[PDB]
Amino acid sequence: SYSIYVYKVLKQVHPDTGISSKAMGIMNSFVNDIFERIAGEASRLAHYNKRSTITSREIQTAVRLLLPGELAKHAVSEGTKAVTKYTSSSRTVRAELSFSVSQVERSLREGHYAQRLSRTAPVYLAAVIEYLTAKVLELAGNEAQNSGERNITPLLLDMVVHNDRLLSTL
């Protein structure tokens, strides 16, 4: 499960907001869907040319190949930040994210998505997922505060993921 990273991301966009237990399952489902989609698409890219490696740029092209492209912009912007900020220098920490780089890369390779990956590829992918996770939790947490509630309920989640131009694409 990825539930710890979601909660940790929720604490950053909204320090004093909680989340119902199946609203969280909903968040775990979203993470795994969006991970499967991007990581499969970079897998195909990798074998579209006959490159063995899924690298940051296969992820990036997958990103611009899946997200609505104002959203993709911020996502690729976020994944590029995590990469350059990881080079300058731990592991996850150097990338300045809460979604574990090591665990994301371990999910990538137990999916056999390609031959091998750059160590800069799970950082990019954890950055992207952390960003969309933070967007969903950000807006939802806001609609909760707008309605005077301390917890993200599942129905708030869905009226937020729908009822938003880009996020409804996902």
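Note that residue numbering follows the sequence shown and begins at 1.
From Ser77 to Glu78, how many deposited residues does the entry skip: none, 1 to 3, 4 to 9, or 10 or more? Per the deposited record, the segment joining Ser77 and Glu78 has no missing residues.
Tell me which stretch has the larger mean Cα B-factor in this entry, 132-140 or 54-62. Mean CA B-factor is higher for 54-62.
Select between 158-166 and 11-19 the stretch whose C-alpha atoms have the higher average B-factor in the entry. Of 11-19 and 158-166, the stretch with the higher C-alpha B-factor average is 158-166.
By the entry's C-alpha temperature factors, tell me which of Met27, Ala39, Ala46, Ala126 sits highest. Of the candidates given, the C-alpha B-factor peaks at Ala46.
Once the chain's modelled residues are ordered by C-alpha B factor and cut into thirds, is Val101 in the lowest, middle or highest one? CA B-factor rank for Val101: middle third.
Would you check the entry's CA temperature factor for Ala114 and let me know if it's in the chain's lowest, middle or highest third? Answer is highest: the recorded C-alpha B-factor places it there.
Of the three thirds of its chain by CA temperature factor, lowest, middle or highest, which one includes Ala121? Its C-alpha B-factor belongs to the highest third of this chain's values.
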